[PDB]
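What follows is a single chain, given as structure tokens, in the form deposited in one PDB entry.
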């Protein structure tokens, strides 16, 4: 026969670490719940109690009985996971032979759908499945404790002996996210999509000094506290996953290369008439074909593919490739979100004219909204790249001077004119401030199109970079979202006009 006595162990679940926004507002909080397990060999001696027990578990009387009878020979099954402590005390109070309790934890997300994708959620075992919860699982999970029990020959717990290992609570995490900006971003992105008959999009706000992600919102979203009817479209962290050719939004990086080459100055003129350029069997065609001479700022205002291609042929694709690589386009973000997409910044030894031109006007690479906001942050931060962070930054990293301060300042002033000049993206203007940026028609890589707006403010002393992505010309839907969210974000951060 089996031993009359055996010393056994039971795990002591650990309290998962608090997630807060950068101002300490809670975003994910461990809620005590009660798990009930049974020894069927003991339960089998108390059948008349089963229907009361089943009703207190919210289980069907016969399905409950069938489950215990089917497991009669086992000494452990779970009865139910994650009752309220009040509910568990009610079941324990029934004193049914063979019913035992374990203290577990369930997450609650106080801000719900507003920050669903960035924070993520946990599975039935309280482990990270999505977002920060996944990326920082090890940090947040802590370490289960251990205690000894004495069991008899039939698996009855006859003594709680001792705790041999204290549970180690998980560690607290303060995100870079500012929930005030996050609520503004979520509201305005949602409202823009509903008003324009669009289904999906994303918005990223970054601190250009610190590399902090201040807001990251995607539509559709979901309530992480009630996933009962959750659609896969809604769980997608689009800002980090959706890859697209960024089109005209990377022409500022092409212009940065041109101004670093020694061959170009802002007052330089390019003739783009008649809005096309034959390069062998290929024709580069401009979206607006009403121009002859354009200065470098006008090439950005008109988004002339011919203009930027002629510059690119003069300076060589390798100069443009290098800037785009150094500002992080097509590169690992280092954020350690499993499944984050890197996109592709193709390289060549010999760049033919076609591939040189498509790189320079943004169809020769694929990026995410995070990478595009990161690149805009570098340009805004007087050309100094700072690592991306989803966590609060107290000591700002040195970062890397990727674009000379002078060139970055000149390109800031060109992008100010894109927003402010006659013929510019006037819907991206931010009353009280100089804003700077560039619209684009992005092409999805998996043709599906996205309306992009990328920019920063204040134009003459930048603090915040922003990318707006609307899945669906001239930012007519993404530019006004930038305008409204930047207007708000700057004042919530007490940025002076």
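Residue numbers count along the first chain shown, from 1. Basically, rigid core = biggest C-alpha set you can superpose within 1.5 Å across the two forms.
The protein also exists as the form deposited in another entry; that form is not presented, and the subsequent description refers to it.
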Residue among 183, 282, 426, 108 whose Cα moves 2 Å or more between this form and the one not shown, once the rigid core is superposed: 282
- request: Could you check whether the CA atom of residue 40 moves 2 Å or more between this form and the one not shown, using the rigid core for the fit?
  value: yes
query: If you line up the core, does residue 152 shift 2 angstroms or more at its C-alpha between this form and the one not shown?
result: yes
- prompt: For residue 85, is the CA shift between this form and the one not shown at least 2 Å following rigid-core superposition?
  reply: yes
